[PDB]
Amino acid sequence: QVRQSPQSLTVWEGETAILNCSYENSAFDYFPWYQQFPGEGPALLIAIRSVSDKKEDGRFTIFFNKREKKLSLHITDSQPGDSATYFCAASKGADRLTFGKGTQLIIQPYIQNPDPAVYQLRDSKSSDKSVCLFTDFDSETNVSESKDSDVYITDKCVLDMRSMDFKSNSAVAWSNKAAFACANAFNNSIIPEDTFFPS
């Protein structure tokens, strides 16, 4: 057994992300970490042998505590590009690995100028169909899921308009209900007081 915690970790850009791992078998002597980006296979990132208590390589460090059979991967100065699933694994005698269940790491970007707004958007084909966009909120705010069935709300997503040096969060909500409006689509969420609602 190789156990990782937490299952999911969100960290602010620039902060040090800390990924924990522990194991049962005291013979385990080799501990590689694998990094997996969405839609790809894992790739070896960094590894340590039980004879060392620390392994450093750039922004990534493993700290190893043999007595406690505890292990930790520190990622310094975390970047949005570090968002991925990280797997701890262990080996003895150079026989095959056993993987932990993986820890999903999300790195949240700073938003220079928050400008929270909820806009309503019309279908380019059929003007009857519509979608609500919550956009330009700071990364502090959490978009909660809808307590109402028949109303869908996505999770927040960061887009990066590179040529304009500009990043922004957004979430989308939509519904087939006859009585649906944008102004309360995100009501189950902690929306900024300054939020612009044009209509």
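When you see a residue number, it is the position in the sequence shown, counting from 1.
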Would you mind comparing 92 to 100 and 122 to 130 for me and telling me which has the higher average C-alpha temperature factor in the entry?
122 to 130
On mean C-alpha B-factor from the PDB entry, just flag whether 156 to 164 or 45 to 53 is the higher one.
156 to 164
Residue of maximum C-alpha B factor among 143, 62, 172, 27, per deposited coordinates
143
Chain-relative C-alpha B factor for residue 19 (record values, thirds): the middle
Which third, lowest, middle or highest, does the C-alpha temperature factor of residue 111 belong to within its own chain?
highest
Residue 139 CA temperature factor, ranked by third within the chain
highest
